[PDB]
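Chain residues, written in single-letter form:
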Amino acid sequence: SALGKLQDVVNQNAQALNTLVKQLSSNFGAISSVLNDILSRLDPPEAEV
Amino acid sequence: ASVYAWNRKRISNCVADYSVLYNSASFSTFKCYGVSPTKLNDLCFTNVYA
C-alpha cells in the first residue's frame, strides 16, 4: 500500500468512467434504456417523449 | 367470452403478420400502446396474449 496516492487517483478515474458508462443502462422513466428499441418500436409522436 | 370471464389465447412459436389486422376495414377501434401499429411487422416478441 505504499503507492496508494497514485492508485487512488487511478481508481477514482476508473470508477468515474464506470459510473458514467453504467448510467446508459438506466431508463430515467423511459420504456427502455436502449435507444434503438424505442426507435424500432415507436413512431415520432411517442418516440420523441 | 363475457368480459368478466374473458378468454386468453396464448400465441407463441409462429410468424405474426400484423399488416392484415391493421389494414383491415372491418375494425373500428385499433389503438396500440407501447408500440406503433405500423412497426409491428418489424418486431419480435417472446409471447403474445390474445
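Residues numbered from 1 in each chain as written, not as in the entry; some residues may be left out. Chains lettered and ligands numbered in written order. Part of a larger assembly, values for the part shown. Heavy atoms only, no water.

- For this deposition, the record names cryo-EM as the technique by which the model was determined and cites 2.16 Å as its resolution.

### Section: the overall build of chain B
For step 1, the next point in the chain: On a plain count of helices and strands, chain B comes out with one helix and two strands.
For step 2, the next point in the chain: Shown N-terminal to C-terminal, the secondary structure of chain B runs as helices and strands in the order β-α-β.
For step 3, the next point in the chain: For chain B, whose C-alpha radius of gyration is 12 Å, the value lies well above the compact-globule estimate of 10 Å for 50 residues.
For step 4, the next point in the chain: Summing over all exposed atoms, chain B offers an accessible surface of approximately 4500 Å²; the carbon and sulfur share of this is 53%. (Helix = DSSP H or I, 4+ residues; strand = E, 2+ residues; numbered from the N terminus. Rg over C-alpha atoms; globule rule 2.2 N^0.38 Å. Areas by Shrake-Rupley, 256 points an atom, 1.4 Å probe, with all protein chains shown as cover.)

### Concerning the interface of chain B and chain A
For step 1, the next point in the chain: Of the residues lining the interface, six residues belong to chain B; the matching set on chain A comes to six residues.
For step 2, the next point in the chain: In total, about 510 Å² of surface goes out of reach between chain B and chain A, with carbon and sulfur atoms giving 46% of it.
For step 3, the next point in the chain: Per-residue buried area on chain B facing chain A is highest for B:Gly34, B:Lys39 and B:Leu43; these three make up 66% of the total on that side.
For step 4, the next point in the chain: Here chain B and chain A share four residue pairs in polar contact between them. (Contact = heavy atoms within 4.5 Å. Buried area = accessible area lost by both parts, 1.4 Å probe. Polar contact = N/O pair within 3.5 Å; in protein donor to acceptor, adjacent residues only side chain to side chain.)

### Remarks on the packing of aromatic side chains
Residues and elements named next belong to chain B.
For step 1, the next point in the chain: Overall, the coordinates contain two aromatic pairs over all chains when judged by the stated rule.
For step 2, the next point in the chain: Taking 5.2 Å as the distance between ring centres and 85 degrees as the angle between the ring planes, the aromatic pair formed by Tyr-22 and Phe-30 counts as edge-to-face.
For step 3, the next point in the chain: Residue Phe-30 is classed as partly exposed on the basis of its relative accessible area of 31%.
For step 4, the next point in the chain: For the pair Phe-27 and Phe-30, a centre-to-centre distance of 6.5 Å together with 65 degrees between the ring planes defines the contact as edge-to-face.
For step 5, the next point in the chain: Through a chain of ring-to-ring contacts, the aromatic side chains of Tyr-22, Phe-27 and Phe-30 assemble into a single cluster.
For step 6, the next point in the chain: The residue whose ring lies beneath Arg-8 is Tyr-49, and the NZ or CZ to ring-centre distance is 4.0 Å. (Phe/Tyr/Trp six-rings, centres within 6.5 Å; stacked < 30°, edge-to-face > 60°. Buried < 20%, exposed > 50% of the residue type's maximum accessible area, 1.4 Å probe, protein only. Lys NZ or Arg CZ within 6 Å of the ring centre and 35° of its normal.)

### Let's talk about the side chain of A:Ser32
Residue and element names in this part refer to chain A.
For step 1, the next point in the chain: Position of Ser-32 among the secondary structure elements: in the loop between helix 1 (4-22) and helix 2 (35-41).
For step 2, the next point in the chain: Among the polar contacts made by the side chain of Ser-32, one reaches the main-chain amide nitrogen of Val-34 at a distance of 3.2 Å.
For step 3, the next point in the chain: Apart from residues no more than four positions distant in its own chain, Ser-32 is found in contact with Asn-27, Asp-37, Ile-38 and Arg-41.

### Considering unusual backbone geometry
For step 1, the next point in the chain: Positive phi is not limited to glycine here, since A:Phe28 has a value of about 60 degrees.
For step 2, the next point in the chain: By secondary structure assignment, the location of A:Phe28 is in the loop between helix 1 and helix 2.
For step 3, the next point in the chain: With relative accessibility at 66%, the residue A:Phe28 sits in the exposed group.
For step 4, the next point in the chain: Although it is not a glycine, B:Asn13 adopts a positive phi angle of roughly 55 degrees.
For step 5, the next point in the chain: The topology assignment puts B:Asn13 in the loop between strand 1 (10-11) and helix 1 (19-22).
For step 6, the next point in the chain: Given a relative accessible area of 81%, B:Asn13 falls into the exposed group.

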